[PDB]
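First structure 1, then structure 2: two forms of the same chain, each alone, as structure tokens.
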Structure 1
């Protein structure tokens, strides 16, 4: 059994909110969903990330969750380099390694769960209890790969929960957002000053369309979960799949952590096709419903071979972003394409 879904969530998304009034209402809304007293809207998740780092001073160290196969490590390096900050990347799925890597100059720790695309799950409050045991170190959790609907990092010990809205989310509505939620009273003040004085803020239209999208997040994510679960279960029992990686499955090496840390899972399913690279690539060309794309989220089910679209990652590793179509149609498409790769 997972964590029970957060109370008043859907009610809050729909009713909460109903200077910059549109942004103010959005921040008021999101803060509720994040189980927070405060929230700040920025022009993008990246801009949100930069602002958070501006809380630090030259010489201070950041420790980041090591994103091996994603590209995000670069972006953090460029920011740290730009503002004279020390940075280090650690596999925080191994809680020892994090604790071992902390210095007295460590002031910020950044965490993504689950990781993309191999989906390792990081114990948030495990990390939080390690981070807060000595010194004052801000713990930030990138809450993008789950939603506020499935994961609440603030109620888990993190000091900051950042959610990045991309142009692909909510049926490809071209909304881009960096949403920073915090329960600390000093943190909100400093961030708020940074927000208004640096101007990295969304437009009123962005704020409106983002707020609008939130109102259907729960029913959307549920279907993502429902379909994802189905797709994962099907793939795992399929004779042409080596193995499957999906946090909602008991087969997942961190499944027990997931159930106590989250209320559900997204439509992001990773699996390993049997055979070599060229079965994986035949498979991809036989999909008639799944669309080939590197993006994440959306109403349409997406498929990706990260080994070719971006030591190297597995050529048999495939990452699906399961959409909102009929479960059967998805299963049938996968079944057909898998069969096409193994005559």
Structure 2
């Protein structure tokens, strides 16, 4: 009962921006144009625009259902560039469980330059409307959140935010990818990604992506892409565009493997709790089906016992690799308390990042091998 799959997604991922008539050679794959500058006697300077990045941006825009897309050197760089749309005296409302890097940037950096940052549980209408002031210019939401996967009603959020006037709604769509969730179709003003994760999907490109429909909002972002210069390499653009060509077949396998991993973990006697949007046990599972076409490979769970049991489990994994990041073809496992949020503690506790919290990025390996790896590692821990 998910939202129907987006039409022409695979076709557009392979063809949009890739027109061979763009090149004198009529190459079916766009060349990698490294050149920093161009003869005048189109393009003038690589930072302002270059063929390989433009092809990628055009492709991503179609996959987001957007008119425009802007590529950046990283997801955080995309976040920083979006925030430069504002001015001193503006207010930002940010979700209380956003990605750690987003939280850190708003709290310790953006707040230094006349921007007021308010962290709100945007799952509650009373708290979001109470936080909106005439100074509110930006609402930053992520869904599902990293790493506890709280889910936000995007269209409900947009309705609340957009009756208050001149407010931009950003959805960090990193966990879902545009194959499973289209925030712009749901009322968001900006669909933002860490392409470092699923979009590229091959664990070899750091990149951010920002898709938009509004004309003035696009021009303001395009100005900051060139003027701040947090631009991606044309080679990274090529590699990310290459990764996009398999996004549909990758994400479907992430869905299949992720669901199987989540169901196996939830029935495992050494697992205390599982958080996976595809499971009926997820508190927002019905909302997930209303606003998504499927689910990703990110599976979050709590192991029974203590930190010692989480450590024994993690150290006995042989296929899941103990590492940060996510969204690649390879399965990863991570303990957020020691690996990402090691500096955070009191905010950990309200957000549930405990000693037994484990986040899995379920990859594309054979399902039976992933389940077996989890099975033997959990038996090694065998907590009470």
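Residue numbers count along the first chain shown, from 1. What we label the rigid core is the largest C-alpha set whose atoms superpose within 1.5 Å from one form to the other.
Asks: With the two forms superposed on the core, which of 177, 158, 258, 235 shows a CA shift of 2 angstroms or more between the two structures?
Replies: Just 177.
Asks: Would you say residue 24 moves between the two structures, meaning its CA shifts by 2 Å or more once the core is fitted?
Replies: It does shift by 2 Å or more.
Asks: Core-aligned, is the CA shift for residue 267 between the two structures 2 angstroms or more?
Replies: It does not, since the residue 267 C-alpha is displaced less than 2 Å between the two structures after the core fit.
Asks: Superposing on the rigid core, is the CA of residue 167 displaced by 2 Å or more between the two structures?
Replies: Superposed on the core, residue 167 moves its C-alpha 2 Å or more between the two structures.
Asks: Just grab the Cα shift of residue 95 between the two structures for me, core aligned, in angstrom.
Replies: C-alpha shift for residue 95: 2.5 Å.
Asks: After superposing on the rigid core, how many Å does the CA of residue 276 move between the two structures?
Replies: With the rigid core fitted, the alpha carbon of residue 276 is displaced 1.1 Å between the two structures.
Asks: So with the rigid core superposed, the C-alpha of residue 78 shifts by how many Å between the two structures?
Replies: That residue's C-alpha is offset by 4.5 Å.
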